Amino acid sequence: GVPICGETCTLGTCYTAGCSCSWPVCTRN
């Protein structure tokens with residue numbers, strides 16, 4: 001849930017293992 005990954009889930013993909021792809025943002029827990 002916390003956006004400490006700083007990745008956009010726009011393409012439906014996150015590089016940070018553990019981060020959820022909460023379109024359009026990758027959030028970890």
# chains A, B, ... in the order shown; residues from 1 in each chain; ligands from 1
>>> residues_around(residues="residue A:3", least_positions_apart="3", cutoff="8 Å", atoms="only C-alpha atoms", output="ChimeraX atom specification")
/A:6,25-28
>>> atom_distance(atom1="atom CA of residue A:1", atom2="atom CA of residue A:18")
10.6 Å
>>> select_by_dssp(residues="chain A", states="strand (DSSP E)", output="list in words")
residues 2, 3, 4, 5, 6, 7, 8, 19, 20, 21, 22, 25, 26, 27 and 28 of chain A
>>> write_last_selection(atoms="N, CA and C atoms", output="CSV table (one decimal), in the first residue's frame")
chain,number,residue,atom,x,y,z
A,2,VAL,N,2.0,1.2,0.6
A,2,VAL,CA,2.9,2.4,0.7
A,2,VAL,C,3.7,2.5,-0.6
A,3,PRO,N,3.6,3.7,-1.3
A,3,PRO,CA,4.3,4.0,-2.5
A,3,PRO,C,5.7,4.3,-2.4
A,4,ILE,N,6.5,3.5,-1.7
A,4,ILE,CA,7.9,3.7,-1.5
A,4,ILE,C,8.7,3.1,-2.7
A,5,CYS,N,8.0,2.6,-3.7
A,5,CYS,CA,8.7,1.9,-4.8
A,5,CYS,C,9.0,3.0,-5.9
A,6,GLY,N,8.1,3.9,-6.0
A,6,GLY,CA,8.3,5.0,-7.0
A,6,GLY,C,8.2,4.5,-8.4
A,7,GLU,N,7.4,3.5,-8.7
A,7,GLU,CA,7.2,2.9,-10.0
A,7,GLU,C,5.8,3.1,-10.5
A,8,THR,N,5.6,3.4,-11.7
A,8,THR,CA,4.3,3.6,-12.3
A,8,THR,C,3.8,2.2,-12.8
A,19,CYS,N,6.4,-5.1,-4.4
A,19,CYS,CA,5.5,-4.0,-4.6
A,19,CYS,C,4.3,-4.4,-5.5
A,20,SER,N,3.2,-4.0,-5.1
A,20,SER,CA,1.9,-4.4,-5.8
A,20,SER,C,1.7,-3.4,-6.9
A,21,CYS,N,1.1,-3.9,-8.0
A,21,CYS,CA,0.9,-3.0,-9.1
A,21,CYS,C,-0.5,-2.4,-9.0
A,22,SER,N,-0.6,-1.3,-8.2
A,22,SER,CA,-1.9,-0.7,-8.0
A,22,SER,C,-2.1,0.4,-9.0
A,25,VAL,N,0.0,3.0,-10.2
A,25,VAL,CA,1.2,3.1,-9.3
A,25,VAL,C,1.6,1.8,-8.6
A,26,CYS,N,2.9,1.5,-8.5
A,26,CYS,CA,3.4,0.4,-7.8
A,26,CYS,C,3.6,0.7,-6.3
A,27,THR,N,2.8,0.1,-5.5
A,27,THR,CA,2.9,0.4,-4.0
A,27,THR,C,3.2,-0.9,-3.2
A,28,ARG,N,4.2,-0.8,-2.3
A,28,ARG,CA,4.6,-1.9,-1.5
A,28,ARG,C,3.7,-1.9,-0.3
>>> residues_around(residues="residue A:23", least_positions_apart="5", cutoff="10 Å", atoms="only C-alpha atoms", output="list in words")
residues 8, 9, 10, 11, 12 and 13 of chain A
